[PDB]
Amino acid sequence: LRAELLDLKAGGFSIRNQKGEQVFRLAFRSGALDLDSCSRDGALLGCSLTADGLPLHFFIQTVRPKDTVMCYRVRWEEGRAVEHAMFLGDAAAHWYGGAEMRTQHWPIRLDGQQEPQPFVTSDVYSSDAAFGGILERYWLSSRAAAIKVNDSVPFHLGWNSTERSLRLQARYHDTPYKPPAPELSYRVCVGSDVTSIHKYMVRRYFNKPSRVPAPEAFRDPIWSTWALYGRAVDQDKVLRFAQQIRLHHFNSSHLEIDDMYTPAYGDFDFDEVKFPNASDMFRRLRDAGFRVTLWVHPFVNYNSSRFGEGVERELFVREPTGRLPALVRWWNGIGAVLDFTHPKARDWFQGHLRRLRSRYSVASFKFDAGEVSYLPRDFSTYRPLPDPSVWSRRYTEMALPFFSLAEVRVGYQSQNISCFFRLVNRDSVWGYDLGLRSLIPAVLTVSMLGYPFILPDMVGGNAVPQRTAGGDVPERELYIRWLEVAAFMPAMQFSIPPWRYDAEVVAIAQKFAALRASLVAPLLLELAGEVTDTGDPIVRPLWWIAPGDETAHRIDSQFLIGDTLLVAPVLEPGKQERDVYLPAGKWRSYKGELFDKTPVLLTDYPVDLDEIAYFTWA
């Protein structure tokens, strides 16, 4: 059976574009159709029975929303689980989108075998199976086809590398999804090029942020206490850090005071031991020209002076019967988690944040955690969440009153929250496993999902022992190369500072701060103001401007800021040159060279330790 350019068989379907290329192929894996049960009424193709003879609500509806776009609405509705296997295709077909992951490849590459698991916001820092804090049920092909899985679906995702398939599953057994009868539905749209079809899908499904964060956050470096000091942060260390930033002649968007400044997790005011005179600390920081943000989280531990208050006022996520709080474990221990569906728990959280601003003139907050992997398997909330990841959304709404200098590390339809979105903890390693090579794939993936204001975590990574190339801190060359690429991303955050290394590392950092300020920042601010209208990302893949270009489809070592700044950092140790691809148009190099014969690969393009290759539209 043919529905426009879609071939339906018993065991699956395939779709072609007008050129006659196969741009989508899908197998039914929880059963087969009985084609004799299928009838066509206009654009609608419905089927009533499976091949085994079970009743079924299946349909394919053809929709022509534009002259150059054909969409296919698909529904398979049976307690029997639904699975369709979406084939990525041959080596020339490259896919983008889905979730932030621990090992982030661009284009998407998933190794081995994974049985479908809940497609929900998880902390992937320790897990290569899980799906990260920022995700969307959206996959885009370099062959100008895209799939959006319906928000209704109790959606689980697996993969099979042998047949290079995504396993799309709807199920209600062994999952944190509740019903408001499994149901897998989605829309496949086919366009003329990858950029056009992407823009159609983004405008249809994702909201835009309508505001821009503080302009200094797109220019001056952010300074975090976390990687430098860890939990042992205190009043003296914060002031010594602030002083050292000024003496080494660096600007600051703000200083972010991290874990731990409270006596217990759940308390909001300062530990009087480690911060004897917080008021004085903030007065000195204000006088020295530092805005300040504070690390906050949705947890109240059992030994918090606020745990009792939360239980009695019922501000916590509950066990399934909805009567008592449910205990959770996070990286800082055991307690409850605040229910952001509950107006009282929202007012309670907000009240403590407004008190910290009122008292200490704190500008905004680092909103840490927010993943449903830190909620119990099965739970209840003041308002029901059949889709559990909507809890992540509700937590990110806590940033709205302080959006201007706020960061969150989760996004579930959080795109219209006009704050920064931080990548989960990068490790001080070179590789794609949360390392230097993960940065461009991860930022591109997040940008694709409609989150323009991206903070790529910490320059040099978090320097976790056993996860650090160089033992104690990231090795010198890793720090420099990271610093360089980080200078061209929308927000830039140091923790382990340049003066931990040597005068040359400091000099390189000062150079990239100055270059960021004069070249990058004016363009970031223009593009940030443009988001409100266009909904286009700030960090763009090479294929954005060269959508018909197979090399631009594959590249993970280069990116664009808007359409006009092309960046090609060195991402390998012991290299003073790299290959640079210029995809289309005329490009002026940082040294003044005019390249007007494109597309072209520049072979062995010189880039010394203290340099990055960048090119501007001509």
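We number the residues from 1 along the sequence you see.
Gap check for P180 to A181: 4 to 9 deposited residues are absent from the model. Unmodelled residues of the deposited sequence between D258 and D259: none, the chain being continuous. Judged by mean Cα B factor in the deposited record, 461 to 469 ranks above the other of 135 to 143 and 461 to 469.
The stretch 296 to 304 shows the higher mean C-alpha B-factor when 422 to 430 is compared against 296 to 304 in the entry. When the C-alpha B factors of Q558, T564, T551, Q576 are read from the deposited coordinates, the top value falls at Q576. Of the candidates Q104, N416, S373, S126, it is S126 whose Cα B-factor is highest according to the PDB record. Residue-level temperature factors show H84 in the middle third of its chain, judged at the C-alpha atom.
Sort the modelled residues of the chain by CA B factor and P569 lands in the lowest third. Annotation for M70: CA B-factor lies in the middle third of the chain's modelled residues. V580 sits in the lowest third of its chain by CA B factor, as recorded in the PDB entry. When the modelled residues of the chain are ordered by their C-alpha B factor, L5 lands in the highest third.
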